[PDB]
Amino acid sequence: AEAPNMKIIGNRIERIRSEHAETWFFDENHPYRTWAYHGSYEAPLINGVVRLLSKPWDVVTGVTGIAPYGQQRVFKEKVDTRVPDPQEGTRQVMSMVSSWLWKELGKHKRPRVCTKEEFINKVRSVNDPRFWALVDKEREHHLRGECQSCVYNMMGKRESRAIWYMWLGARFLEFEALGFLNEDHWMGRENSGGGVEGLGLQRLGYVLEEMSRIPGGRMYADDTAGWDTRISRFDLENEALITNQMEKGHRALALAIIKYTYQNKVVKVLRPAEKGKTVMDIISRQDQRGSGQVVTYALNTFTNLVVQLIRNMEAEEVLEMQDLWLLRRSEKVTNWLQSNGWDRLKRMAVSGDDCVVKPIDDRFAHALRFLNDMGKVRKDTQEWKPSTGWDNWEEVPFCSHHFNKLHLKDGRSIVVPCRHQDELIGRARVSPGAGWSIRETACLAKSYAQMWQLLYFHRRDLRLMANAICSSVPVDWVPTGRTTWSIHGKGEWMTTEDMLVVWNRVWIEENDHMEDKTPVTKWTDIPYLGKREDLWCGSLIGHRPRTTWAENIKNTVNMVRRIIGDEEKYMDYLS
Ligand SMILES: [Zn+2]
Ligand SMILES: [Zn+2]
């Protein structure tokens, strides 16, 4: 039951109402329980190239399944929930660890205001002075302690999650104030110990293998049930402690982003109305993370590091059950942080809401009191049932992948990323936005295929499908679009450079975990997973329709070349 601060959100609700004053109404039968409701108003694709080249997966539901009533279903199940406040001692511990962590991350880095030029340069991955006049107007309100237009448009996706969109101008104001966390890699492994920001998916496995060698208990990788919805008002205040390291001007800009965008959010959501009509509801909420913000990932990484440090302190018996209610003496916490903090950070791989921890023993498994009091409840497990850890690092889930050690034909080991193949093909078959020419569709298909060549070459079906896609798209067409939104997708495949040369730069030359720098001169030297592992992770090798697809692949490529244009230049990546 939300108690809104009308002094902070009132201006935004009035600005929305002024835009839709003639259809605005108050629906006393609205469905919101934990969100404050303010009023309502009246409101109003498959990648063909990848589909044609992945026929066996037309009947695989794990693939095709990936492509207002639905949006309300997600809101009700996932977002319309309230977690009790942690106890005072739990909150004192949270603030202490956050303050200590912020000071560690800022020891060799300084907060800075990000510029309009940096933002414009990123948008090329804004030209109208009127856009910047609206931005200036909102910034002036922010510097006076007001907010008129930083409103979320929350779109639900029932597959399930909510994406909280914001206008480009509000995203710039957030980037200007807090973009330094991303732009200057505050969560990079070197700066944070436990973070992995800036590492590609190609390096994450080696991190987990390094952690497997640190003496201790099992490796724990518990997923929080709906992380963003479990970010409390107290996590938000602890995250805001970075403002204490900012110069006065910068500080004013950030305190306004934190107050209005993070801690007193105004959101517009769609809802079905009578006879096919749709209404827009204006709702507000003080806690939770607004999924989609410029620093969502960085602040999720920060708070997850804080939570894992607290769990280790409880496991190691630094914190006791008396400390939840009130932390009487805090010296023990400061001592553990100053003495062991860095060792424990280096024992973690934290990427937003995903974590892997290598505690000093298995007491970590039953250290749940502080974790549960902070509302960071583990997914698919009884609240008080001890966590299950892993003995084999190659089976540890992290960033929706697991990592396996394979060997090149010359004997050198490599550590590769892997996930269930259905998710990979399913995502490649999704085309965002409609009306694309065969150029945009084929260029996005080519991006997916070259991404698989660099990272998932060890999957039989993907190496074959990637080669058929690359043989069906003109060689000179530059890959375009976004294959992934993950910060671990560094885009080395977004090029017309030969992918075997790119593979060598990523896996050999620039790979600090590849001692011998001898180049790999042929794709047949690059291994696949064993057939057992390829099948476990969704391969269709040996399955009749896939066998027919592979036997007919040259005919399928020729058909795609015929559609695109037989006069274009193609290369045979299959032979
Ligand atoms: Zn604002
Ligand atoms: Zn796998």
# chains A, B, ... in the order shown; residues from 1 in each chain; ligands from 1
>>> residues_near_ligand(ligand="ligand 2", cutoff="6 Å", atoms="only C-alpha atoms and all ligand atoms", output="PyMOL selection string")
chain A and resi 418-419+537
>>> write_last_selection(atoms="N, CA, C and O atoms", output="mmCIF file, in the first residue's frame")
data_model
loop_
_atom_site.group_PDB
_atom_site.id
_atom_site.type_symbol
_atom_site.label_atom_id
_atom_site.label_comp_id
_atom_site.auth_asym_id
_atom_site.auth_seq_id
_atom_site.Cartn_x
_atom_site.Cartn_y
_atom_site.Cartn_z
ATOM 1 N N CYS A 418 28.730 -21.422 -23.228
ATOM 2 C CA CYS A 418 27.706 -22.291 -23.787
ATOM 3 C C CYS A 418 26.382 -22.047 -23.120
ATOM 4 O O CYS A 418 26.307 -21.751 -21.928
ATOM 5 N N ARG A 419 25.326 -22.200 -23.889
ATOM 6 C CA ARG A 419 23.971 -22.146 -23.372
ATOM 7 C C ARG A 419 23.082 -23.051 -24.250
ATOM 8 O O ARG A 419 23.522 -23.540 -25.299
ATOM 9 N N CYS A 537 22.854 -29.815 -24.423
ATOM 10 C CA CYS A 537 22.569 -28.411 -24.595
ATOM 11 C C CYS A 537 21.761 -28.102 -25.866
ATOM 12 O O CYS A 537 21.830 -26.992 -26.394
#
>>> select_by_dssp(residues="range 96-234 of chain A", states="strand (DSSP E or B)", output="number ranges by chain")
A: 152-157, 161-166, 195, 219-220, 224
>>> closest_atom_pairs(of="chain A", to="ligand 1", cutoff="8 Å", atoms="only C-alpha atoms and all ligand atoms", output="tab-separated table")
residue	atom	partner	partner_atom_place_in_ligand_line	distance
A:138	CA	ligand 1	1 (Zn)	5.7
A:139	CA	ligand 1	1 (Zn)	7.2
A:141	CA	ligand 1	1 (Zn)	7.1
A:142	CA	ligand 1	1 (Zn)	6.1
A:146	CA	ligand 1	1 (Zn)	7.0
A:147	CA	ligand 1	1 (Zn)	3.7
A:148	CA	ligand 1	1 (Zn)	5.3
A:149	CA	ligand 1	1 (Zn)	5.1
A:150	CA	ligand 1	1 (Zn)	4.1
A:151	CA	ligand 1	1 (Zn)	7.7
A:170	CA	ligand 1	1 (Zn)	6.7
A:256	CA	ligand 1	1 (Zn)	7.4
A:257	CA	ligand 1	1 (Zn)	7.1
A:260	CA	ligand 1	1 (Zn)	6.3
A:261	CA	ligand 1	1 (Zn)	7.1
>>> closest_atom_pairs(of="range 100-154 of chain A", to="range 226-247 of chain A", cutoff="10 Å", atoms="only C-alpha atoms", output="tab-separated table")
residue	atom	partner	partner_atom	distance
A:101	CA	A:242	CA	9.9
A:102	CA	A:242	CA	6.3
A:103	CA	A:245	CA	8.3
A:105	CA	A:242	CA	9.6
A:106	CA	A:245	CA	7.7
A:110	CA	A:245	CA	7.6
A:111	CA	A:246	CA	5.8
A:112	CA	A:246	CA	7.4
A:113	CA	A:246	CA	9.2
>>> closest_residue(among="A:339, A:394, A:293, A:62", to="residue 211 in chain A", atoms="only C-alpha atoms")
A:394
>>> closest_atom_pairs(of="range 316-397 of chain A", to="range 174-194 of chain A", cutoff="8 Å", atoms="only C-alpha atoms", output="CSV")
residue,atom,partner,partner_atom,distance
A:342,CA,A:193,CA,6.7
A:345,CA,A:194,CA,4.5
A:346,CA,A:193,CA,4.7
A:347,CA,A:194,CA,6.8
A:348,CA,A:194,CA,4.7
A:349,CA,A:194,CA,5.0
A:350,CA,A:194,CA,5.8
>>> atom_distance(atom1="CA of residue 98 in chain A", atom2="CA of residue 330 in chain A")
13.8 Å
>>> select_by_dssp(residues="range 133-236 of chain A", states="alpha helix (DSSP H)", output="ChimeraX atom specification")
/A:133-144,168-178,180-183,189-192,201-212,233-236
>>> residues_around(residues="residue 290 in chain A", least_positions_apart="2", cutoff="12 Å", atoms="only C-alpha atoms", output="PyMOL selection string")
chain A and resi 79+150-155+161-166+227-232+236+258+260-267+284-288+292-297+299-300
>>> decode(residues="range 355-479 of chain A", atoms="C-alpha atoms", output="JSON list (two decimals), in the first residue's frame")
[["chain", "number", "residue", "atom", "x", "y", "z"],
["A", 355, "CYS", "CA", 26.58, -13.98, -9.07],
["A", 356, "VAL", "CA", 28.98, -16.82, -8.39],
["A", 357, "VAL", "CA", 30.70, -16.87, -4.95],
["A", 358, "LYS", "CA", 33.56, -19.05, -3.69],
["A", 359, "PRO", "CA", 33.22, -18.77, 0.14],
["A", 360, "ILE", "CA", 36.00, -19.82, 2.57],
["A", 361, "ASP", "CA", 33.89, -22.94, 3.57],
["A", 362, "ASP", "CA", 30.33, -24.30, 3.11],
["A", 363, "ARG", "CA", 28.81, -22.38, 6.08],
["A", 364, "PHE", "CA", 27.76, -19.95, 3.25],
["A", 365, "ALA", "CA", 25.06, -22.52, 2.24],
["A", 366, "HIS", "CA", 23.07, -22.03, 5.48],
["A", 367, "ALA", "CA", 23.86, -18.31, 5.96],
["A", 368, "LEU", "CA", 20.37, -17.09, 5.08],
["A", 369, "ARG", "CA", 19.11, -14.82, 7.93],
["A", 370, "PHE", "CA", 20.57, -11.52, 6.59],
["A", 371, "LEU", "CA", 19.89, -12.56, 2.94],
["A", 372, "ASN", "CA", 16.19, -13.27, 3.76],
["A", 373, "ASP", "CA", 15.81, -10.14, 5.98],
["A", 374, "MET", "CA", 17.15, -8.02, 3.07],
["A", 375, "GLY", "CA", 14.34, -9.43, 0.85],
["A", 376, "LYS", "CA", 16.90, -11.11, -1.52],
["A", 377, "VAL", "CA", 14.96, -14.42, -1.43],
["A", 378, "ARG", "CA", 16.51, -17.26, -3.53],
["A", 379, "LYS", "CA", 14.56, -18.54, -6.55],
["A", 380, "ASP", "CA", 12.98, -22.04, -6.68],
["A", 381, "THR", "CA", 14.02, -23.06, -3.12],
["A", 382, "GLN", "CA", 12.27, -23.19, 0.29],
["A", 383, "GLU", "CA", 13.13, -19.89, 2.08],
["A", 384, "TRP", "CA", 15.14, -21.61, 4.86],
["A", 385, "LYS", "CA", 16.52, -24.61, 2.94],
["A", 386, "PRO", "CA", 20.36, -24.44, 2.66],
["A", 387, "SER", "CA", 21.69, -23.55, -0.82],
["A", 388, "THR", "CA", 23.29, -26.23, -2.99],
["A", 389, "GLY", "CA", 26.75, -25.41, -4.29],
["A", 390, "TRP", "CA", 28.77, -26.83, -7.16],
["A", 391, "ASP", "CA", 31.91, -28.95, -7.16],
["A", 392, "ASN", "CA", 32.56, -28.57, -10.94],
["A", 393, "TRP", "CA", 33.10, -24.96, -12.18],
["A", 394, "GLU", "CA", 32.14, -26.10, -15.72],
["A", 395, "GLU", "CA", 28.55, -26.68, -14.47],
["A", 396, "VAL", "CA", 28.17, -23.33, -12.66],
["A", 397, "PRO", "CA", 25.50, -21.09, -14.24],
["A", 398, "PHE", "CA", 26.52, -17.43, -14.76],
["A", 399, "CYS", "CA", 25.02, -14.85, -17.11],
["A", 400, "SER", "CA", 22.67, -17.49, -18.60],
["A", 401, "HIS", "CA", 25.64, -19.60, -19.65],
["A", 402, "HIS", "CA", 27.95, -22.30, -18.35],
["A", 403, "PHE", "CA", 31.62, -22.56, -19.43],
["A", 404, "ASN", "CA", 33.49, -25.57, -20.73],
["A", 405, "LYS", "CA", 37.17, -26.40, -21.32],
["A", 406, "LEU", "CA", 37.86, -27.71, -24.85],
["A", 407, "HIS", "CA", 41.13, -28.43, -26.71],
["A", 408, "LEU", "CA", 42.39, -27.15, -30.07],
["A", 409, "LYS", "CA", 43.79, -29.82, -32.49],
["A", 410, "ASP", "CA", 47.33, -28.74, -31.34],
["A", 411, "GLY", "CA", 46.51, -29.53, -27.69],
["A", 412, "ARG", "CA", 46.01, -26.00, -26.30],
["A", 413, "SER", "CA", 42.96, -25.63, -24.05],
["A", 414, "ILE", "CA", 40.38, -22.85, -24.45],
["A", 415, "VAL", "CA", 37.46, -22.05, -22.10],
["A", 416, "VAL", "CA", 34.25, -21.52, -24.10],
["A", 417, "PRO", "CA", 30.77, -20.07, -23.29],
["A", 418, "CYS", "CA", 27.71, -22.29, -23.79],
["A", 419, "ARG", "CA", 23.97, -22.15, -23.37],
["A", 420, "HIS", "CA", 20.92, -24.14, -24.57],
["A", 421, "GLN", "CA", 20.91, -23.88, -28.34],
["A", 422, "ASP", "CA", 17.13, -23.21, -28.54],
["A", 423, "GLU", "CA", 17.64, -19.81, -26.86],
["A", 424, "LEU", "CA", 20.39, -18.94, -29.40],
["A", 425, "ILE", "CA", 18.43, -19.92, -32.59],
["A", 426, "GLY", "CA", 15.20, -18.47, -31.14],
["A", 427, "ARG", "CA", 16.85, -15.08, -30.61],
["A", 428, "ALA", "CA", 18.45, -15.05, -34.09],
["A", 429, "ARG", "CA", 14.99, -15.61, -35.65],
["A", 430, "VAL", "CA", 13.59, -12.44, -33.89],
["A", 431, "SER", "CA", 13.66, -9.28, -35.98],
["A", 432, "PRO", "CA", 13.05, -5.99, -34.09],
["A", 433, "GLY", "CA", 10.81, -3.37, -35.74],
["A", 434, "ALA", "CA", 8.95, -3.88, -39.04],
["A", 435, "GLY", "CA", 9.38, -2.81, -42.70],
["A", 436, "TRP", "CA", 13.04, -3.77, -43.04],
["A", 437, "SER", "CA", 14.48, -4.31, -46.52],
["A", 438, "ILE", "CA", 16.22, -7.66, -47.29],
["A", 439, "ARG", "CA", 19.45, -5.67, -46.57],
["A", 440, "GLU", "CA", 18.64, -5.02, -42.87],
["A", 441, "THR", "CA", 17.29, -8.56, -42.36],
["A", 442, "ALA", "CA", 20.33, -10.24, -44.04],
["A", 443, "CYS", "CA", 22.79, -7.93, -42.29],
["A", 444, "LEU", "CA", 21.24, -8.74, -38.89],
["A", 445, "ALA", "CA", 21.25, -12.49, -39.84],
["A", 446, "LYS", "CA", 24.97, -12.12, -40.71],
["A", 447, "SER", "CA", 25.65, -10.46, -37.29],
["A", 448, "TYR", "CA", 24.05, -13.44, -35.44],
["A", 449, "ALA", "CA", 25.99, -15.93, -37.58],
["A", 450, "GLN", "CA", 29.37, -14.20, -37.07],
["A", 451, "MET", "CA", 28.63, -13.93, -33.30],
["A", 452, "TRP", "CA", 28.14, -17.75, -33.28],
["A", 453, "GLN", "CA", 31.44, -18.18, -35.24],
["A", 454, "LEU", "CA", 33.32, -16.24, -32.59],
["A", 455, "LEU", "CA", 31.60, -17.58, -29.45],
["A", 456, "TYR", "CA", 29.50, -20.70, -30.19],
["A", 457, "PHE", "CA", 31.64, -22.33, -32.98],
["A", 458, "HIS", "CA", 31.72, -25.46, -30.68],
["A", 459, "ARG", "CA", 27.98, -26.15, -31.34],
["A", 460, "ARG", "CA", 27.63, -28.38, -34.49],
["A", 461, "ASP", "CA", 24.26, -26.96, -35.56],
["A", 462, "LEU", "CA", 25.42, -23.34, -35.04],
["A", 463, "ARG", "CA", 28.73, -23.65, -36.92],
["A", 464, "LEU", "CA", 26.76, -25.20, -39.83],
["A", 465, "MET", "CA", 23.88, -22.66, -39.68],
["A", 466, "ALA", "CA", 26.35, -19.72, -39.34],
["A", 467, "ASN", "CA", 28.27, -20.92, -42.39],
["A", 468, "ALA", "CA", 25.04, -21.31, -44.41],
["A", 469, "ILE", "CA", 23.90, -17.78, -43.40],
["A", 470, "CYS", "CA", 27.33, -16.30, -44.27],
["A", 471, "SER", "CA", 27.26, -18.19, -47.62],
["A", 472, "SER", "CA", 23.73, -16.73, -48.37],
["A", 473, "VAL", "CA", 24.46, -13.02, -47.65],
["A", 474, "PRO", "CA", 26.68, -10.93, -49.97],
["A", 475, "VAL", "CA", 30.28, -10.84, -48.54],
["A", 476, "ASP", "CA", 30.47, -7.07, -48.80],
["A", 477, "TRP", "CA", 27.25, -6.44, -46.79],
["A", 478, "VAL", "CA", 28.23, -5.02, -43.40],
["A", 479, "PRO", "CA", 26.63, -6.73, -40.37]]
